[PDB]
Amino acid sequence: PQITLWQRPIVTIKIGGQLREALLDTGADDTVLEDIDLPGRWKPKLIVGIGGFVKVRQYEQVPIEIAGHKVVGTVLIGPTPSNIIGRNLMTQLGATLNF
């Protein structure tokens, strides 16, 4: 799609059977979602959040659909003020900012 920016760029995402929403955030390096579960192994990671650092789970090679486009990449699961799609997945999408 072509997404304008007069409102927050919130899109529908889907991971397996879990339909959610998230912000397309060009100011975020990584993707962080609070309201999803995944099975299997994961690696701990620290991100910055309230109180200094927050521990999240890093899941690799996750299939995720963003605004109807399927990609595969890393998803961080843990506390976040908003679900955010970061540059790691926007690169998979081939997304660009255009003006």
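In this text, residue numbers run from 1 along the sequence as written. We call the rigid core the largest set of C-alpha positions that still match within 1.5 Å between the two forms.
- The stretch that strays farther, by root mean square C-alpha distance over structures and residues in 4 other deposited structures of this protein after a rigid core fit, is 50-58, when 35-43 is set against 50-58.
- As the entry records it, the average C-alpha temperature factor is higher for 48-56, out of 48-56 and 63-71.
- The stretch with the higher mean CA B factor, choosing between 22-30 and 35-43, is 35-43.
- For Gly86, the recorded CA temperature factor ranks within the lowest third of the chain's modelled residues.
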